[PDB]
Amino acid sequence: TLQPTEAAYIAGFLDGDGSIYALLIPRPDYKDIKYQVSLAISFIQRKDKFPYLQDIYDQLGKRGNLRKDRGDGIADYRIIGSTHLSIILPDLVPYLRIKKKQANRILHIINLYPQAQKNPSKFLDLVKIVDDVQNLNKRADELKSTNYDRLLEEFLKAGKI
């Protein structure tokens, strides 16, 4: 149901007030790999503009979580997970300009995830993509993400790899 100019407008707005990011969440309750990869895209806007986010929510099939207020007078719409992202990103990729690379990296992670879930070596290759995505969202002179270096170290220390 997503028409071309709708996907295009959204990619434009996403390249503007939005974000495409990936991160590593520590999970104590997990087993061999005490980490969960989170992937997401989000739109941020001052709360009085909430309806506009709502509109994008409907155009995207009502996937995601909306917040009238994050707690600081700002509203957002966050779409987390491969389930939602595997459907949405393909529609926005052809129009994404500034954050096009980040989007393609999420997609790659989604591709690799199933087989990386419980394979230390694979999980690492997947974490390196998380670093790249995070680094793409930084200025050149900022300290680069180092999740791969830290996890490789941990995995060795734990005799997992």
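Throughout, we count residues from 1 along the sequence that is shown.
As recorded in the PDB entry, 118-126 is the stretch of 118-126 and 92-100 with the greater mean C-alpha temperature factor. Annotation for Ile33: CA B-factor lies in the highest third of the chain's modelled residues. When the modelled residues of the chain are ordered by C-alpha B-factor, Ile161 sits in the highest third. Remark: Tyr57 belongs to the middle third of its chain, ranked by C-alpha B-factor as recorded. In this PDB entry, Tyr113 carries a Cα temperature factor that places it within the highest third of its chain's modelled residues. In the deposited entry, the Cα temperature factor of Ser19 places it in the lowest third of its chain's modelled residues.
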